[PDB]
Amino acid sequence: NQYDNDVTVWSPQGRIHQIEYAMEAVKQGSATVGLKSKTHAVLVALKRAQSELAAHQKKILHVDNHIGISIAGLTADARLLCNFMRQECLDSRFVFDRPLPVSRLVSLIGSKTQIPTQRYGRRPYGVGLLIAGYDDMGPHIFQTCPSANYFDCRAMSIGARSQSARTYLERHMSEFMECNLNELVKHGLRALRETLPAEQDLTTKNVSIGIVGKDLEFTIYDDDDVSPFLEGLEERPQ
Amino acid sequence: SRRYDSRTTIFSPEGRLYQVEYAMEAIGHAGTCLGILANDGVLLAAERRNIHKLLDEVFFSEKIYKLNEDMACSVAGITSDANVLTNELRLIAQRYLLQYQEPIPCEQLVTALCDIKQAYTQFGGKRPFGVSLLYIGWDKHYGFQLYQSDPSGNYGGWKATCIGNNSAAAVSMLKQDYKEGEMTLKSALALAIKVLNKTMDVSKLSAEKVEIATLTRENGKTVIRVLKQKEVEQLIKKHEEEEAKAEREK
Amino acid sequence: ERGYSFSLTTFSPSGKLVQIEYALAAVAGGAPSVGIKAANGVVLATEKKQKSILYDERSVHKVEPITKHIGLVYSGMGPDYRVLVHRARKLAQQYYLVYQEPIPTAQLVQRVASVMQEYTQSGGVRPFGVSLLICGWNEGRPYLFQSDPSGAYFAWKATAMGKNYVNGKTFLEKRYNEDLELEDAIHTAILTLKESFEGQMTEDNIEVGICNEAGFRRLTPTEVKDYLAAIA
Amino acid sequence: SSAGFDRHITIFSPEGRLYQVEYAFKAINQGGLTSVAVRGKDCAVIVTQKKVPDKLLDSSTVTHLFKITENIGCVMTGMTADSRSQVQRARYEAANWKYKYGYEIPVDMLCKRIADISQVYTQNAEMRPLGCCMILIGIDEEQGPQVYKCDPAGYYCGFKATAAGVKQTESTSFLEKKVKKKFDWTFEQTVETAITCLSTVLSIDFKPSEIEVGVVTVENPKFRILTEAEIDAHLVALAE
Amino acid sequence: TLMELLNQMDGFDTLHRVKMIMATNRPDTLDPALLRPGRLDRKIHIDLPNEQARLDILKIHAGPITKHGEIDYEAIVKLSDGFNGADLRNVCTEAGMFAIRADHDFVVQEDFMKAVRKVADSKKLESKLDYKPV
Amino acid sequence: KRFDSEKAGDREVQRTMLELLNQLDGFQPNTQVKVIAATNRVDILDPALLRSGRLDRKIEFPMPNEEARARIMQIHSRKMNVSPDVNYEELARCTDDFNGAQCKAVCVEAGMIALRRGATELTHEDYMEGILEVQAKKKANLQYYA
Amino acid sequence: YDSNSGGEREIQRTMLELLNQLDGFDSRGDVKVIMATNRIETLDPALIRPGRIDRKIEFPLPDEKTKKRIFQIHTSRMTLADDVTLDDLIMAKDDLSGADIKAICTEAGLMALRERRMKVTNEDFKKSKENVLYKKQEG
Amino acid sequence: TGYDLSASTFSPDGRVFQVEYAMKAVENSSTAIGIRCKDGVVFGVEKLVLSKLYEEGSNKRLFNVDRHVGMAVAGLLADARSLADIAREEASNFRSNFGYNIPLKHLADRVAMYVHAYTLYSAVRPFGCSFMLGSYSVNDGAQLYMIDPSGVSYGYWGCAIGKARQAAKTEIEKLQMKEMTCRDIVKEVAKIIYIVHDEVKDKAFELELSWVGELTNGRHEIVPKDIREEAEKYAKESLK
Amino acid sequence: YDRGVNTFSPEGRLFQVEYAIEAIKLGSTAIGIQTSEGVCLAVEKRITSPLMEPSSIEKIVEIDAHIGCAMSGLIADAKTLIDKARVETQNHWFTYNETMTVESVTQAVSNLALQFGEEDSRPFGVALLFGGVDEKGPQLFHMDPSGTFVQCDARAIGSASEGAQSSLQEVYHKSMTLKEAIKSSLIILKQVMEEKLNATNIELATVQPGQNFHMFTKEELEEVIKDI
Ligand SMILES: Nc1ncnc2c1ncn2[C@@H]1O[C@H](COP(=O)(O)OP(=O)(O)O)[C@@H](O)[C@H]1O
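Residues numbered from 1 in each chain as written, not as in the entry; some residues may be left out. Chains lettered and ligands numbered in written order. Part of a larger assembly, values for the part shown. Heavy atoms only, no water. Residues with missing side-chain atoms left out of burial classes, pairs and counts.

Chain I goes by Proteasome subunit alpha type-5 in the PDB entry, where it is assigned to Homo sapiens. This entry appears in the Protein Data Bank under the title "Structural basis for dynamic regulation of the human 26S proteasome".

If you look chain C up in the PDB entry, it shows as Proteasome subunit alpha type-2 from Homo sapiens.

1. What to know about the overall build of chain C
Across its full length, chain C carries six helices and nine strands. A compact globule built from 232 residues should have a C-alpha radius of gyration of about 17 Å, and chain C, at 18 Å, falls within 12% of that. On the principal axes, the C-alpha backbone points of chain C span a range of 55 × 40 × 40 Å. (Helix = DSSP H or I, 4+ residues; strand = E, 2+ residues; numbered from the N terminus. Rg over C-alpha atoms; globule rule 2.2 N^0.38 Å.)

2. Describing the arrangement of the chains
Here 17 pairs of chains make contact, and the pair sharing the most contacts is chains D and H. Nothing in chain H touches chain I; the tightest C-alpha to C-alpha distance between them is still 12 Å. (Contact = heavy atoms within 4.5 Å.)

3. Digging into the interface of chain D and chain H
How large an interface is tends to be reported as the accessible area lost when its parts come together. Contact residues are listed per partner, giving 31 residues for chain D and 34 residues for chain H. Elements with a contribution of two residues or more to the side of chain D that touches chain H: helix 1 (21-25) and helix 2 (80-100) of chain D. In terms of residue count, the dominant contributor to the side of chain D that touches chain H is helix 2 of chain D (five residues). For the side of chain D that touches chain H, the class distribution of residues is 15 nonpolar, seven polar and nine charged. (Nonpolar A, V, L, I, M, F, W, Y, C, P; charged D, E, K, R; others polar.)

4. Brief notes about the pairing of strand 4 (residues 74-77) of chain D
All names here are of chain D. Neither face of strand 4 is exposed, since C74 and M76 on one face and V75 and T77 on the opposite face are all buried. As paired elements, strand 3 (residues 65-66) and strand 4 share two bridges and run antiparallel to each other. Its bridge partner being in strand 4, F66 is matched across the sheet by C74. Where strand 4 meets strand 5 (residues 133-136), four bridges bridge the pair, whose relative direction is antiparallel. (Buried < 20%, exposed > 50% of the residue type's maximum accessible area, 1.4 Å probe, protein only. Pairing = 2+ DSSP bridges.)

5. Thoughts on the packing of aromatic side chains
Counted according to the given criterion, the structure contains 27 aromatic pairs over all chains. When the ring of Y147 of chain B is compared with that of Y155 of chain B, the centres are 6.4 Å apart and the planes differ by 70°; the resulting orientation is edge-to-face. An aromatic cluster of three or more residues is present, and its members are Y119 and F128 of chain C together with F12 of chain D. Across the ring face of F116 of chain I, the terminal group of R123 of chain A is positioned such that the distance to the ring centre comes to 5.8 Å. It is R217 of chain B that lies over the ring of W138 of chain B; its NZ or CZ is 3.5 Å from the centre. (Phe/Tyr/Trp six-rings, centres within 6.5 Å; stacked < 30°, edge-to-face > 60°. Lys NZ or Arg CZ within 6 Å of the ring centre and 35° of its normal.)

6. A closer look at the side chain of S80 of chain E
Residues and elements named next belong to chain E. In this fold, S80 is placed in the loop between helix 4 (73-79) and helix 5 (85-99). Relative accessible area serves as the criterion here: at 3%, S80 is assigned to the buried category. With near-sequence residues (within four places) excluded, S80 lies in contact with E51, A75, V116 and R117.

7. What to know about a nonpolar patch on the surface
All names here are of chain G. Taken together, the side chains of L18, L22, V31, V33 and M35 present a nonpolar region at the surface, about 450 Å² in accessible area. Mapped onto the elements, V33 comes out in the loop between helix 1 (8-22) and helix 2 (64-75). Look at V33 and you get partly exposed, because its relative accessible area is 38%. (Patch = residues over 30% accessible without salt bridge, like charges linked within 9 Å, V, L, I, M, F, W, Y side chains within 5 Å. Areas by Shrake-Rupley, 256 points an atom, 1.4 Å probe, with all protein chains shown as cover. Salt bridge = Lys/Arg side-chain N within 4 Å of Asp/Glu carboxyl O.)

8. Notes on the packing of helix 2 of chain G against helix 4 (residues 98-114) of chain G
All names here are of chain G. Relative to each other, helix 2 and helix 4 sit at 35°, their axes nearing to 9 Å. Along this stretch, helix 2 crosses helix 4, giving a crossing that reads as right-handed. Across the interface between the two elements, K67, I70, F71, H74 and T75 from helix 2 touch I101, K102, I104 and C105 from helix 4. The class makeup of the residues in the contact of helix 2 with helix 4 is five nonpolar, two polar and two charged. (Axes fitted to C-alpha atoms, helices over the stretch in contact; angles between N-to-C directions. Left-handed = near helix turned anticlockwise from the far one by under 90°.)

9. Observations regarding unusual backbone geometry
Residue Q135 of chain F is joined to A136 of chain F through a cis peptide bond whose omega torsion reads 15°. As for its placement among the helices and strands, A136 of chain F is situated in the segment after helix 5 (124-134). For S203 of chain D, which is not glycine, the phi dihedral falls at a positive 60°. Secondary-structure assignment places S203 of chain D in the loop between helix 5 (187-201) and strand 11 (212-217). What makes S203 of chain D partly exposed here is its relative accessible area of 45%.

10. Focus on the sheet that holds strand 2 (residues 43-48) of chain D
All names here are of chain D. The four strands lie next to each other as 10-1-2-11, forming an open sheet whose pairing is antiparallel. Only two strands of the sheet have a single partner each, and these edge strands are strand 10 (161-165) and strand 11. Mean inter-strand twist for the sheet, computed between neighbouring axes without regard to direction, equals 10°. Examined bridge by bridge, strand 1 (residues 34-39) and strand 2 share five bridges and lie antiparallel to one another. Its bridge partner being in strand 2, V38 is matched across the sheet by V45. Against the sheet, helix 5 makes contact with strand 1, strand 2 and strand 11, and its axis sits at roughly 25° relative to strand 2, the strand it touches most.

11. Let's talk about the site of the ligand
Residues and elements named next belong to chain E. Looking at the ligand, the residues that line it are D10, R36, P37, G38 and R39. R36 is positioned with one of its side-chain polar atoms (N or O) 2.9 Å from a nitrogen atom of the ligand. Interatomic distance of 2.6 Å between a backbone N/O atom of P37 and an oxygen atom of the ligand. Protein contact buries 36% of the 580 Å² of open area that the ligand shows by itself. Classifying every residue of the shell around the ligand by side-chain character gives one nonpolar, one polar and three charged. (Near = heavy atom within 4 Å. Polar contact = N/O pair within 3.5 Å; in protein donor to acceptor, adjacent residues only side chain to side chain.)

12. Things to note about the sheet that holds strand 1 (residues 32-36) of chain H
In sheet architecture, strand pairing relies on hydrogen bonds along the backbone and comes in two forms, parallel and antiparallel. Residues and elements named next belong to chain H. Read from one edge of the open sheet, five strands run 7-1-2-8-9, paired in antiparallel fashion. Each having just a single partner strand, strand 7 (158-161) and strand 9 (219-221) make up the two edges of the open sheet. Averaged over neighbouring strand pairs, the angle between their axes works out to 10° when direction is ignored. In terms of strand pairing, strand 2 (residues 40-48) meets strand 8 (residues 205-213) through nine bridges, oriented antiparallel. By the bridge assignment for strand 8, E46 is matched with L207.

13. A closer look at the pattern of salt bridges
A complete count under the given rule lists 54 salt bridges over all chains for this structure. Linking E221 of chain H and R67 of chain H is a salt bridge whose minimum nitrogen-to-oxygen distance equals 3.7 Å. Placement of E221 of chain H in strand 9 and of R67 of chain H in the loop between strand 3 (62-66) and strand 4 (69-75) is noted, with a sequence separation of 154 residues between them. With a shortest N-O distance of 3.8 Å, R13 of chain I and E18 of chain I are connected by a salt bridge. For the pair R13 of chain I and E18 of chain I, a shared accessibility class is recorded, and that class is buried. Each of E94 and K123 of chain E together with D56 and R57 of chain F takes part in salt bridges that share partners, so that together they form one network.

14. Overview of the packing of helix 2 of chain D against helix 3 (residues 104-120) of chain H
Direction vectors running N to C along helix 2 of chain D and helix 3 of chain H enclose 115°, while the axes themselves pass 10 Å from each other. Considered as vectors, helix 2 of chain D and helix 3 of chain H are oriented roughly perpendicular to each other. Judged by the sense of rotation from one axis to the other, the crossing of helix 2 of chain D with helix 3 of chain H is left-handed. Here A81, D82, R84, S85 and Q88 of chain D of helix 2 of chain D lie close against helix 3 of chain H, whose contacting residues are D109, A112, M113 and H116 of chain H. Classifying every residue of the contact of helix 2 of chain D with helix 3 of chain H by side-chain character gives three nonpolar, three polar and three charged. (Parallel < 35°, antiparallel > 145°, perpendicular 65-115°, else oblique.)

15. Focus on the nonpolar core
One broad rule of soluble globular proteins: the nonpolar side chains tend to lie buried together. Grouped together as the largest cluster of nonpolar side chains are 34 residues, with contacts concentrated most on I68, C74, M76, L110, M134, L136 and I137 of chain D. Elements with a minimum of two residues in this core: strand 2, strand 4, helix 2, helix 3 (108-123) and strand 5 of chain D. Excluding anything up to four places from it in sequence, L110 of chain D contacts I68, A90, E93, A94, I105 and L136 of chain D. Formed by 30 residues, the second largest nonpolar core is a distinct cluster that contains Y21 of chain A together with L14, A113 and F149 of chain I. (Core = buried A, V, L, I, M, F, W, Y, C linked by side-chain atoms within 4.5 Å.)

16. Structural notes on the environment of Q143 of chain A
All names here are of chain A. When you line up the elements, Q143 lands in strand 6 (residues 138-143). Between the alpha carbons of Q143 and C153 there is a distance of 8.4 Å; along the sequence they are 10 residues apart. Among all residues touching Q143, those that are not within four sequence positions of it are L129, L130, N149, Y150, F151 and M156.

17. A word on a positive patch on the surface
On the surface, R89 of chain C together with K100, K112 and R113 of chain D cluster together into a patch of positive charge. Within the secondary structure, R89 of chain C is located in helix 2 (residues 78-99). Overall, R89 of chain C belongs to the partly exposed group, its relative accessible area being 31%. (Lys, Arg positive; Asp, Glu negative; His and termini not counted. Charge placed at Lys NZ, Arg CZ, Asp CG, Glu CD.)

Listed below in structure tokens is the structure:
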């Protein structure tokens, strides 16, 4: 396996296995589904931990007023680009006194992750960010990958068996652009709970919720904030 | 890109730096030097590498170089790789004169060169110095100071030193003729002459194929004396002649 | 760039440098070269022959003097020859700034071999296969010096380099005795050029520089045909 | 003969041979370009051909010839990736020459720079050795004609009849006994032998649009890029 | 088995009335004993046929195949470049076989300016490493 | 054949191929009974084999795609019963580097746990487990993400 | 190798099979296996675990009194002269080998046997030791 | 072994497979083309849709450099944005020192310096991205150029990239380089790209358009696909 | 196959870091407990010889006033992280005038946990146990060498880690008090200690809002030993 040595050397097929190996850790993360309607957007993630008494590590965390995000991959490099994201948030908040459209900002994140892919001894960064953002043109949902290829979508997912969520999404998600905030939230768990193994919850502290819009400011929702989201539904038929 | 260097700095499965062994072999190949006991003087002896008689030899001393007016050093190893250390230590002893305006005791000077000799060893996988050199001179405190440099970083200084695999047979002769003051500079001349007679395989011990130097303490001269070949000819001839009188035990 | 600069050429189990052994092999497979220090000045001859008739000696030269009073010859590749010559011309100013006087012969050999020996311990490549012959005239007695890749230099009256450097030198040992003159040095230079000839006695197949106590003199092949036509 | 990474980098073999730049000698054959140069008494000629994949090939980007200054010009062989960058380095050396020195460049010192540049890149194997072959002409006073060729080996040599490339071994070997002898060189005489040497390997006698042929004579020292009209006039002039 | 081949030509005998013709992959491994005249009398070989000579190599390919009368020989010669007689022919017939896949009988060079072009491009992928010592 | 000696045993048996060539090149009679060849890889061989007489058609078979990848095991699992919901896109979307033969074994271990489950029929939750069950690698640990 | 051999793997596997046959499947047979090499490096480290797992003997170099304990066993048979002493010689000498300290007596077994004498002389044994000293020094 | 590993180390064939590995990596990309008439330069790209995958209009391979110059890329998408942004901001340097439009022929020299240098150093690698460069102006004219991972600066009147390339640009010769009007050639090339680059393998796809030329007065933007729907207004009847 | 030391794994993750995660298993055993009255903790000194001096070996250190920390596996690298983070706690007191919160020690350490790189240098094998009491009451925190932070009511490291936590899962509950946490933990400690229990085998580390610091004092631990 001498052709997989470094990111510099290309595979016999003209590929780099280092990026493919970083895609693994992205898929090894928790199942998280961000989504957006024509008006407002909601993103849902999954908290996990090691032992029973160990507190579930939070995934969704606030970045900017209009920017919510999910997370996965190495938490050290996640906080590295998280504080770097704060440096990007203070850019236009200082100079222009108004926030940044996220499209060109994620493109700068791609150029930020381009240098570690090129030079020798530099490694990519596993990133599970699902970025929701609002400029005056409406919502944006961007997936993140070590290859820095972002898709603007109405919804997507990254994690374990996250494709089965999309298969349940398409015919439903076409009608999910019309619905308002509340049901647009539990449509996120209408993905996660299928991506979760059927033999266990789906508890209160293992789920992450956030909501953001053009006229709405983003906030982290967990524990008591999940009370209206859990009630009003039924268990999956066996 | 990590597989190109041979990891000369990095430790070896043998429990020690592996390149230092081949370094001691570099000095331990073709290098021939020695030292003589110091009583109101000292002398030096080495082997002249040049076997060609057509050479000019206009540089005076060949293998011995003068670092300071009252202090010099013998050297064994690669020529230019040693010549880098000649001017380097000469400048280190010069920056000390640039500091105190006063000569340099050899102690802190040798340890300074040892801290420089470990540079190639301790970083970058650099090739360690393939040169191990001797030390001679005089100071206000201990008088005549005769030291020795080692590739491992130690100063192995003795008043009687050995350099080279062929000179390793002289250590038994050094302790067989060993005395202290007692020994005259002339006695050390015949001592080192019999050292070459036992070690060097040159028939009759040709005087022009080996280098000899001396040193004296004079007020305030303290001259490091390069000698003409006339006194060395008659010295080795008078030496083996005294050996012809030393075989009378039969 | 990378900037590794590691020492990768290392000691052999015998203690020597196998790469420098490959360097002296490039010198041993080098072009025949000789020079003679006798009496008033030094004479340089060696050989230059083109791969075909398409080339001439009137433009590109294998022998470029370092100074007006100091000439130089060598063995091995030309590209690295002009590289160390370029550094020799630059280093000549570092000397001339302080001294404001011309330079002794051995003064170049000290600093050139120091940079050459530095280029051994330094990363990248090594002194390669270029073994330079430095000559000149100072203090009334001229000099002829030659170093090696490892930086070891020696002084003598005459030597042979390149291919058959041992055979040509053993011929120069019997021919050269006591002292010689410039005309006699050129004469036995034709003898050592006729050793590997090839192109001896012909003006276009060799180039002859000569050092003198009045300063180095580089004569065109015209004078090479003058003295030797009529050779010997 | 090889110790460790020796085969993949530049050091000296037991015989002292370089493994990497000997691959650069066969790096010229990419594209199959053959450039021949014939320098006459008062003139110097360059001749090279091209390959056309289809009609979409642009006529403006056809030219493989480069022009150093208004007086002097160049021609490259081998892979075009190393040639375009090495020519831009010649633009930098010529512009800096006129700037600081402020007089005409002999074209000999330019070939000295490129010879050392390709050598310095041959020194350290961690950057590409740049095995492209550098061929120029020259115009200088009192020296008559000037032609210099900087080889990827790091040295510069050039004369009346000199060429480099894949098939130049055949043609120039014919040019050994063909050129001299005594043969005098005029404009149409140097261009004729520039066609005949191409007629040794090829002998296609194709229309002038395919060849890239530079020529420089000393009346007005400025070199001019040739138009297919005058070459067509020379093509009907070489048919007897 | 080589020693006799030598000695048979090393005679002691005159074989002149027999004409020994020799061809193989490469003229390299034969060892110098064969490589001298006598055993190897002359040096003859083949190179890539010129497109001018390939213009004729297609005629003897285009002769046995009849089609609609639309032809430009230099078209395939200028499009398809640097080939061999069999390599051209077989693919030229393969083009006719690739074009007759449409079940129509006569085929203009259109398919052939495509097939022979595209098919030999696949065939020139394995043209790699075909250049052997003399 | 290697190229230079010494020596290969098949270097003599290459002549069987050279005679196979000599029968398809220097000899007519090979015209009938069309012959086909196959390898795991085309990597290094006698490259002169290009011709109609010697090998001609070169068809690179890539990794089976989601068209086949969904259908291959579908025709491999048509032998066996299915709880009548299976995406077949699930695999086909998540199939990367998966060979057409691996898909044959995907339904095996999926059916093997269905065996030891005592189950009557195979379901997608049992199917999709067999995807990551056969490939790739691991076990190692799941941690610091969970 | 002598004669003809190759490549590495066939020599690697004949050692790999040497252990794998000795592994073994499934052999009680003893033949208690003693194995040695003075260079611990080159062996594949996997040879230890199947066997022998518990033992690889470390050979210490001889110390001063070990050389004393070893030496007299040889010269027990060879009669020493009056001035001959075991200690002082090997006391001054350093880093010897049991073979040498055994073979240093053979040099006196020449000259004394050249004179055909049953007795060792230290005047020679000192002076002749230089030859074995020259044997270790220069050889 | 492994002569292809480092980019600064040659191979016995005289090249580096890192460039070759990057070449055939671009072959897996979808259609990337360009064509220039007298009135402008037409650009188009075929988007491959794996499943949904996302909203329409996101992360298109069509990029932009200046008002008169734009990018149509191929290969890896991130490094395409990289070299696109490098050439994007590079025009600001020419605009700062001078203030007029950057010539496209000498703008490709910059990307030639970047890609070639990345092939020079052993630490970094070559970029596996190719692209097309085209433009038109009243004081300049139509110039189309093509750059590949090998760092070759060259151009044609029309060119193609991706799986179907030589077969796609063959019938393009029917469309003239001058006499044709690129306004109508929009749908003329649309019928080629719709028929060529066979979609039977992957049924889900999408098509993008752009243009630059005199009709927009040296402005490079997307000729509207939602207006007149020129893409499929014709090509639906071209394959039947 | 050693490649770049930074190379990922095909599973996958960082090679060298995960190897050091397994290296944590040979460290000393330490168990913290979160209790409303205060956050306690203890460690086994692992006496290597009867000559050992008791006060020279301590596996628990004090970062801020009310913030403690523990070490695992390799020591000196963690000991550097200790005082280097204390500089950031003093810089926290610079602008904010008050004591650093126990949760912010994560951002003060785990952010800089692994900065290592070949250019501009090697990872760590030590996991830290962060004790303390912030404005919200008692908090027990733990971080790994890779920088991943998690809040645990009880956390064990080193050798007994998996075994101690598996046994302590039953005895822990939300109503656990301080004195009960100390005497119920030493039952596990006396099970996970090889040497006979004495004053030099184990030390106590506690933090309380009203009693401090404390830490803990000697000769009182012997009073708890007779309460075994
Ligand atoms: N007078 C000659 N001198 C040298 N070689 C000759 C002479 N006559 C013929 N030969 C060559 O010698 C070859 C036969 O020589 P022979 O000694 O039989 O071969 P081998 O030395 O291989 O046994 C012929 O091919 C011929 O070209």
